[PDB]
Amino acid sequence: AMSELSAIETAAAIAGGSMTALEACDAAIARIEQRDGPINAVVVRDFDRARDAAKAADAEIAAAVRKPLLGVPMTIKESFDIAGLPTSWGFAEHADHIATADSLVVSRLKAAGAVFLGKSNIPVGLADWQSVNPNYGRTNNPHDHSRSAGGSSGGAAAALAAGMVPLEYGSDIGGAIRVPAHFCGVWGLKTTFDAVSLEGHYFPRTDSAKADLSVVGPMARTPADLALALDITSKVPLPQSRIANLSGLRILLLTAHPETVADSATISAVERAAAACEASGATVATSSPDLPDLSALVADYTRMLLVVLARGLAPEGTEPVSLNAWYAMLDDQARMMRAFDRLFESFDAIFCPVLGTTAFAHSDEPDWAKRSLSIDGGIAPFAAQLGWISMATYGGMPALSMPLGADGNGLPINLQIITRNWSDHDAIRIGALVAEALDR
């Protein structure tokens, strides 16, 4: 294959003097202008101001200043605010809305020295497992331009898979981080709910950012980059992982869901991952009396999701959800969260697919209820695949999406590693150890 520097390797090269911040920034610009043609992932570009910031980083390096991401070029999802840059969420009506202040996540990454070259592609309203909008066009999977690289962080995942930038950052309310990392075969971490501030992830022309279920998290090509970006961006420093190796680790292996289906190639890939951990001293269960009702989980999650996305509004003549019923729904969520608390008293991590299949062909139908999917040559519902993603989003747990391999058509298959709440560093560390075990 062809390789690039990771985020940490880039900072190491700049700090060591083998290259400068302006050289790494110019190399990233050239990679974008050379590879983004048939991919169309970096849809907002800030190259002139980025060269100035890289020159400012070289001036800091010269003054013996060292920061974890000093001079490291990166992009961020288009929904995040960067002062002077547009934030449209794909809407043609908000194409010329220019942010006047940097988002919290951008401010934290900048304070650590990161240089932002631009922003990556998204679907309209962030409501799709593709990345296509009338402002910028469509993002194509780098492994197969006929397939979707989407999930709403797809521009971000495509840029990482194409080697344009070593680090990115997305949001996730229905798989928006795990799914693009899965389709494009990169690393994505859905973080614990309320662990990272959503400030600056505003809907265009408002200051409305906070929303239940939704989180933001880092996306990269190595797990160590995820751990660094998480420490830079989290509200407070989260507990570091003490998991030294895989022996004794307790795994719950799920290759089936009561409300959706999975590829036989995906099922075997997840089984191959758990088997590599048994060979490293881990214990793997395939069922537990403490697994919450996943069927009831996705139903409660779906109805809370639709309420949050509609902001409590109902169609014409339809009666809306009352505020009292909303408080009861949040109680239903906390009840499910406690159910996962009992489960994680018996297990350290859940291994399961990110989605039932790999990247699907480009769709022009916005309505998910008017789509379908091809699984092992059979047709299946499209929206039903949300069940694979519901557990971490509804329960609030962190969930890692790490590369496993590829199916028969060369489309990447990823693993979903769900750990208990606030154990985001465990998920990263487990993913790091799983990759090494697969190397053996």
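Throughout, we count residues from 1 along the sequence that is shown.
- Looking at 79-87 and 309-317 together, the entry lists the larger mean B-factor for 309-317, computed on C-alpha atoms.
- Remark: stretch with higher mean C-alpha B factor among 393-401 and 54-62 is 54-62.
- The top Cα temperature factor in the record, among 281, 155, 217, 185, falls on 281.
- For the set 232, 160, 149, 275, the PDB entry puts the maximum C-alpha B factor at 275.
- Annotation for residue 169: CA B-factor lies in the lowest third of the chain's modelled residues.
- In the deposited entry, the Cα temperature factor of residue 242 sits in the top third of values across the chain's modelled residues.
- Per the PDB record, residue ranking by Cα B-factor puts residue 126 in the middle third of the chain.
- The entry lists a Cα temperature factor for residue 417 that places it in the lowest third of the chain's modelled residues.
- In the PDB entry, a CA B factor belonging to the middle third of its chain's modelled residues is recorded for residue 145.
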